[PDB]
Amino acid sequence: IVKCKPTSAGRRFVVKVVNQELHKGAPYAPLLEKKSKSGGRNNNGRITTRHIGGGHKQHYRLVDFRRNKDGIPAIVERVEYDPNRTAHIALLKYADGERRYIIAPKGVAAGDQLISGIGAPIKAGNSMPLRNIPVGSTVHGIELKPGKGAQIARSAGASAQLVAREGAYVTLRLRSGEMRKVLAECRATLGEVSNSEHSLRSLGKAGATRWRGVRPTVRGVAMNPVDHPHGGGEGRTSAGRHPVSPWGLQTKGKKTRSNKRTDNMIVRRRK
Amino acid sequence: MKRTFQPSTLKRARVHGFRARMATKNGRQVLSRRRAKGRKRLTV
RNA sequence: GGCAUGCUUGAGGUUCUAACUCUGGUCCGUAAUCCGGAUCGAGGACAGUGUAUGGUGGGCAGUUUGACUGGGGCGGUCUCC
RNA sequence: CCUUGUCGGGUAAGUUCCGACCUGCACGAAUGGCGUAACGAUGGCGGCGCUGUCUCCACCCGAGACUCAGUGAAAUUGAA
RNA sequence: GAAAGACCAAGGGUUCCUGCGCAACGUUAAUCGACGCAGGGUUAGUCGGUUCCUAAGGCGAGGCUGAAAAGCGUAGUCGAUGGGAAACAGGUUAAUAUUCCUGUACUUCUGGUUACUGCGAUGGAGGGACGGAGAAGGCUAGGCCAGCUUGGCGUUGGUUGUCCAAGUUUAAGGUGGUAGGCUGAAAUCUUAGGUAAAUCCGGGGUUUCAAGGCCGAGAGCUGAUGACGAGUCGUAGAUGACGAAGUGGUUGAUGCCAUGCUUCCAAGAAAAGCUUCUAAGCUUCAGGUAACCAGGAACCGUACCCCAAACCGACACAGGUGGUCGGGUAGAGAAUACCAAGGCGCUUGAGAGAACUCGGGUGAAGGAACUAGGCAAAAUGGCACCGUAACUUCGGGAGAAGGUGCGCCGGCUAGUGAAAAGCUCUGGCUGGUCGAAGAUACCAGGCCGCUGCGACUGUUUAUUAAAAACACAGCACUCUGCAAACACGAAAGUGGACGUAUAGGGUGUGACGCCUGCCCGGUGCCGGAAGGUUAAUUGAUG
Numbered sequence: 003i004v005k006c007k008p009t010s011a012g013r014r015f016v017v018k019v020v021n022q023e024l025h026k027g028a029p030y031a032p033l034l035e036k037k038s039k040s041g042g043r044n045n046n047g048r049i050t051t052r053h054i055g056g057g058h059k060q061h062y063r064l065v066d067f068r069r070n071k072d073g074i075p076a077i078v079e080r081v082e083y084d085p086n087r088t089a090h091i092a093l094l095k096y097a098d099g100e101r102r103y104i105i106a107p108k109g110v111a112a113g114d115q116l117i118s119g120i121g122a123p124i125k126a127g128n129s130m131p132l133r134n135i136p137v138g139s140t141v142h143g144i145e146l147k148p149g150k151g152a153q154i155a156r157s158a159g160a161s162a163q164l165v166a167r168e169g170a171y172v173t174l175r176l177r178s179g180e181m182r183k184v185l186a187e188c189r190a191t192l193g194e195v196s197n198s199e200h201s202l203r204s205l206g207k208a209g210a211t212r213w214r215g216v217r218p219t220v221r222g223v224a225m226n227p228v229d230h231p232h233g234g235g236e237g238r239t240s241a242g243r244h245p246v247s248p249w250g251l252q253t254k255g256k257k258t259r260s261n262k263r264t265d266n267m268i269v270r271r272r273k
Numbered sequence: 001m002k003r004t005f006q007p008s009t010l011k012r013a014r015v016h017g018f019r020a021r022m023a024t025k026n027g028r029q030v031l032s033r034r035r036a037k038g039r040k041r042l043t044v
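Set out below in C-alpha cells:
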C-alpha cells in the first residue's frame, strides 16, 4: 500500500494497493467466458437501477463454489487478479489435471490443502461440513441449501464465527451482527478471505470512479417539485418534508424486512 | 448545419417497409386503411 | 361446592407428515435444463393466493377556494329596530 | 433598514476598495463554521507599459451609395 | 496547392458522350449549358456483394402467463460496423477497364486414371483470438545530389562552358528463410480428468540429449532477351515504323516487421473454416492417401457527382457531411509565405471618384482627461545563456519579474565504409564588413499588487443567461442475511448480480487544515405492553 506524490491535481490523494504475489499476465483459457454490460436495464428496456454505465471489457471467470471433488489432494499454482470481484482467486490443480478457480484464502502460492468429507482437518482452505468443526472457529464460504454453493462471507477479507451447536442446526454469528441458525450438512471452509487491504484505498479523482462503472448522482434538493419529493424551492431550501426516497419511502430509519418465511432461522436481529 | 433528416435505405426499409408493417397487428390495420383509401404506394 | 369421564367448542403450547412450497441436488423427454415428469433433501399446516373488513397512504386523480370596493390587495361590511 | 455609521490608508478631490470598531433591525456551526497553496474566457478595486479611447479630428486605399444599358421585388393602402 | 487537386463509403438516379436546337430555365445577352428532341454508352474465378460464421439486438416451434388482443422465453435461424481461398504490369475510348487486349501468375472444385489404404459426428482437444501507453531498432516508399545520353549556343554586358534544358522507368509472383521473435526436445511405461469412448489432449514415472522446431519484414537473383522511353522517319495536321541513356552516394517516414517487445491497472470480443481424436455405422467397394491428365468457377453491382450547381438545407443557397493519398524551397512542424502535378477567374457589366455607412493605412503635442467600465485598438511575442520574490499541501509559485546575444564573408577548420575512400555532417571561438534598422517579411505571452465566491480538470438552458449553479474525490447517517432492500411489470418473469454486509440501495454535506455547542416540548421514525377505546364476524334478550 503506497502513497502518491502530488505531481498533478489528480495524483495528490491517490492511495494504491500494489501486490507482487499476483501472477503477471495470462488467465487460464478454458475457465473464461463472455460477459455483457447491462446498463441497469431489464427486458422492458427501462432503467431500474440508477447510476450504472460505462466501464471496461471484462471476462467472467467460472469460480467454483461447490467443491464437490473429495479425497483428491489439490495443489495451488498461483494467485490471480479477478475483475468482477473484490477478493483474489487461486488456480488449483488436482492429482490428475482438472484445473479450477476458487476464492483464495490467506494461504498463497503452492500450499496443498485437501477438499473432502472430512480430511487433514484444519488449515486455511480445507472444505468440510459444518458439523465436524470446533466451536469458536472462523469459517467462510457458507452454503445454506446443501449442494447449492457458497453464499455468505465471500467478499474481501470477510468471515464468520461459530458460536453454538445443537440438533440439526449449527448457529453462527455473521459479519453484520445477525445470528443465524444454519443446517448442519452445508459445507464451509476454514480461514479468511485473502485481500484485506481494500478498505484502505482512495480513488483521488472524479474520473477514477467513472472507469469502474458508476455514473454521477445528483441530489434531490437540486431538482424541481415534479421530479423528486424533496423538490424545488427558492435559494437553498432545507427540503421541508421528512427525508424520503424518490418514490416516497422514508429513508432515515424505517424497518423494511417483511419476509415472514425465514424468521424462525434468525435468533437475534442485527443491532 | 445539421438538418433533422439524414437519409439511408437500410433504416428506411426496416422501420417503414412492408415486412415491418405486416409483422405487427397495428401495422396490418395501417395497410388495410391506406389501401382502401386508394393510394398508389402503401410503402413509403 | 365440585368429584370425577364423557359428549361436543373455543383460545393457547408442542410435535408429526400427507396437502401446498423449493429462483436445491441427479435421471428422463433432449442434441436444450425454459418447461414438465420421476426420485431423494429442506421447510410444513406456516408461507402464499382469492373474497369480506380495519389502518396508513399528495405515491396518484377529480375538484373547490364569494361579493361590495372613488383601480384591487390589506382592513371594514353582508340580517333585523 | 436608518447610512455616504465612525476611524485610519490610497487620490489635487473616493456613495466603490483595503484595514479596523461592534451599537448582529435580520451571522452562527454538516440547508456545515472559520482559514487555505495551486487553478478560473468568474465578481470588485489599484498600478507600470501602451495607445485616435479622448481634447478634436485631418488625410489616403478598397467595396457600396450616385449616373448609363439589361432584369426587376417587399411590407403598406377608405378616398384625396 | 493538407485544396478550389486525386480516390473509396453513403446518398442520388442517366445529370456521362455525340448530332440537332434556344420558346420556356440560368437572377443580364447567349451561337453556351447539369436545359429541350434523337441516338449511344457500364464486360470480372481474384475488386466490392451474394454463399460460410458470429456481436449487440430481433423473431421464436413446443412451454409458461394473460378478460380478448397479447407478453416473456427454451431448441432453433436471422442480424456487420468484425472473423473465412486467390492478380499485378503495360496498351487501348468520342464515352468502360485490377473487368476487354497482350504478358507473366495464383487459388479452389468436379470427372476420370493410377498407386494404395481403416473411413466416420453437428461430439472431445489444439488453434483462430485481440487492452492503454512507451522505446530500442531493422527496412522501405519517397526526395535531393552526382554521373550518363539527346538537344542548345542566347538578355542587348558576359556565356564551347568546370555552361543550359529535359530524361535517367519497371509490378504481383518465383527462389530465398536473413534483422528479429517465441520455444526445452526425444524415447518409454502409466493414469480417480477431458459429462461415452479415444491411439488425441491433461496428470504422473524413468531415461537420453541441448535443441530441436515454429514465425518473420526486407536485400540479392529472377520475372524482363521484354515492355516503357526524348524523339526520329514514313495530307505525316491524324497515324505507321524505328528508338539512345536507363547508373552510383546520400537522406528518409505518421508506411511494413509488430497480432512483436517492455511496463502499468481500469485486467483487455465471440463463432466458424483450419489441424487432430474417436462413438454409432463400418460391409471395410464405399471412404481416405498422393500422383495424373480432363474440365469448370454460377448470379448481382460496375457510367457520372462525392467538402458538391447531381447528396442534406423550398433555390445553380458564404452552412452541414465518415475514411485513404499528400511533392519542392525555408521552418521543430499536416502551422505559415511562395510554387510543381492538376485545376479554376466564384453567370450582371461600364463609368464618375459627393455626403454618409463598412473593411483598412499613417499622424503633430499630450497620454485614460473618454466611459456604467482601458470595451475596443495599440503593444508584447523566437532561440540560447544569465537571473528570479512573498507564499506553500514542499510538487509548485515560474517561461515570475528583468536583461544580453543573433546578418553576410573569411582564420583556424576559405554517421555512413575492409572485419578504408565522399557525401549528410562529428565543433566552437576569432577577424573583416554593409545598413536607422540582422527572429528585417507572414508566423507570435501584455505584465504586477490587493481582495470576494467555488478546492481543482470537467458539465449545463440546440436558437438572448456559461455562473458563485450541477458534478466530484472525500465524510456521516440509515435500511438490506439472499428467492435480499429496491425498481419495472395485471401476471410469468427480468434488472440488481451469475454479485453476498471491506457488498448493494437511499438522503444530506462537498479536496485539505482546525473543529462541529445546548433543546426530545411540536411533527416523524424506533421500543414497550399493563390498561383504556376500536372493524367486519357471532346474535343472548326485549
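In the order they appear, the protein sequences are chains A and L.
Offset between the first sequence (1-based) and the UniProt record's numbering: plus 2.
For the second sequence, counting from 1, position 23 maps to 23 in the UniProt record's numbering; every step adds exactly one.
All C-beta atoms, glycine included, are put in the ideal place defined by N, C-alpha and C.
- Around the beta-carbon of A:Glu145, 16 or more other beta-carbon atoms lie within 10 Å, marking it buried.
- For A:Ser196, the closest C-alpha among the options A:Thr239, A:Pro248, A:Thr88 and A:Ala122 is that of A:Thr88.
- When DSSP states are grouped into helix, strand and coil, A:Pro231 belongs to the coil group.
- Our two residues, A:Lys150 and A:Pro123, have alpha carbons roughly 23 angstroms apart in a direct line.
- Residue pairing by DSSP places A:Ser10 in no beta bridge whatsoever.
- Look at the beta carbons and you see the region 74-94 of chain A not touching the region 41-53 of chain A: under three pairs across the two are nearer than 8 angstroms.
- By the neighbour-count criterion, in which a residue is buried when 16 or more other Cβ atoms sit within 10 angstroms of its Cβ, L:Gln29 is exposed.
- With a 10 Å radius around the Cβ and a threshold of 16 neighbouring Cβ atoms, A:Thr191 comes out buried.
- In the three-state scheme derived from DSSP, where H, G and I count as helix and E and B as strand, A:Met130 is classed as strand.
- Shown here for A:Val137: same chain residues with a beta carbon closer than 8 angstroms to its own, the five before and five after excluded, namely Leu164, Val165, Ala166 and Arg167 in chain order.
- Residue A:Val16 holds the alpha-carbon nearest to the alpha-carbon of A:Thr211 among A:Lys7, A:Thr9, A:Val16 and A:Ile3.
- For L:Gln29, the three-state secondary structure derived from DSSP is helix.
- Where A:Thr211 is concerned, the enclosing alpha helix (DSSP H) starts and stops at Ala208 to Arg212.
- Take A:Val172, set aside five residues on each side of it, and the residues of its chain with a beta-carbon closer than 6 angstroms to its own are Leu132, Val184 and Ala186, in chain order.
- Counting the other CB atoms within 10 Å of its CB gives A:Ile77 a total below 16, which places it among the exposed residues.
- The beta carbon of A:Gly109 is closer than 6 angstroms to those of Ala126 and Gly127 in its chain, skipping five residues each way along the sequence.
- A:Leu116 is not a Cβ neighbour of A:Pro148, given a cutoff of 8 angstroms.
- Taking the C-beta atoms as reference points, A:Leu24 is found nearer than 8 angstroms to A:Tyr83.
- With respect to the 8 angstroms criterion, A:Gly169 and A:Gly56 are not classified as neighbours on the basis of their beta carbons.
- The continuous alpha helix (DSSP H) containing L:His16 extends over residues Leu10 to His16.
- The bridge partners DSSP lists for A:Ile154 are A:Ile144.
- For A:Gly242, no beta strand (DSSP E) segment is defined, and its DSSP state is neither H nor E.
- By the Cβ-count criterion, A:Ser201 is exposed, with fewer than 16 other Cβ atoms from all chains shown falling within 10 Å of its own Cβ.
- Burial state of A:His58 is exposed, judged by a 10 Å Cβ sphere holding fewer than 16 other Cβ atoms.
- Taking a C-beta distance under 8 angstroms as the contact criterion, A:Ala160 and A:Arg177 qualify as a contact pair.
- In the three-state DSSP reduction, A:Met181 falls in the strand class (E or B).
- Within the same chain, and ignoring the five residues on either side of A:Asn21 in sequence, no residue has its Cβ closer than 6 angstroms to its Cβ.
- If you draw a 10 Å sphere on the C-beta of A:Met267, you find fewer than 16 other C-beta atoms in it, and that means exposed.
- An exposed status is given to A:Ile3, since fewer than 16 other beta-carbon atoms sit within 10 Å of its beta-carbon.
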